[PDB]
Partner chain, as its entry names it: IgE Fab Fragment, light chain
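Next up is one chain by itself, shown in structure tokens, the form deposited without its partner chain.
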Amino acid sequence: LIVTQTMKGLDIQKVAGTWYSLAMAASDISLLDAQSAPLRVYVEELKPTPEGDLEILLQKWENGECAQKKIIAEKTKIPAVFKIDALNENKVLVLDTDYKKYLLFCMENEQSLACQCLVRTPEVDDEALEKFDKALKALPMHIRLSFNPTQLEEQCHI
């Protein structure tokens, strides 16, 4: 693996609801560079299932347009780690959250990697961004993006 920061005592039910992708970082530039880059995904809502799986609603630019997407992250034996199914095993880790303001996560498959700082409101949270940059110093990131409140209220952060 690469990420080695997870949240202890995570209650997944408590991450339900509205989120904003305030910032994103990735191990490779091409993961985040254009609007249609593979990991350029904007989180809209987290919906944990009664069984403790996590449905994710996001927006993604595909074929010159901002498309909705609904994804399932299946629980593992580790509360802070989930699995999306693909041609390749892709792992979601929750690094840190306070439920009410911010949540940091990374997704990972040379191993590749993207992380975001999620926030509850269309506001620049300097404190959440601090924690995001601290978490990222452990990691081989090569691109970082952040969004302003105006963009945060547009579909696909236009």
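Residue numbers count along the first chain shown, from 1. Only residues modelled in both forms are compared. Only the largest set of C-alpha atoms that superpose within 1.5 Å between the two forms is called the rigid core.
There is another form of the same protein, the form solved in complex with its partner chain; it is not shown, and what comes next is about it.
Colleague: My question is simply whether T97 lines the interface with its partner chain in the deposited complex - judged by any non-hydrogen atom within 4.5 Å.
Modeller: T97 lies outside the contact set for its partner chain.
Colleague: I'd like to know if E65 sits close to its partner chain in the deposited complex, meaning any non-hydrogen atom pair within 4.5 angstroms.
Modeller: Yes, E65 is a contact residue.
Colleague: Does any part of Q5 reach within 4.5 Å of its partner chain in the deposited complex? Heavy atoms only, please.
Modeller: Result no; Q5 lies far from its partner chain in the deposited complex.
Colleague: Quick one: does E45 come within 4.5 Å of its partner chain in the deposited complex, counting heavy atoms only?
Modeller: The answer is yes: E45 has a heavy atom within 4.5 Å of its partner chain.
Colleague: Using a 4.5 Å cut-off on heavy atoms, which residues of 123-158 contact its partner chain in the deposited complex?
Modeller: Read in sequence order, the lone residue that approaches its partner chain (within 4.5 Å, in the deposited complex) is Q155.
Colleague: Moving stretches between the shown form and the other one on a rigid-core fit: which runs of at least three residues all have C-alpha shifts of 2 Å or more?
Modeller: 86-89, 110-112 are the stretches that move between the shown form and the other one.
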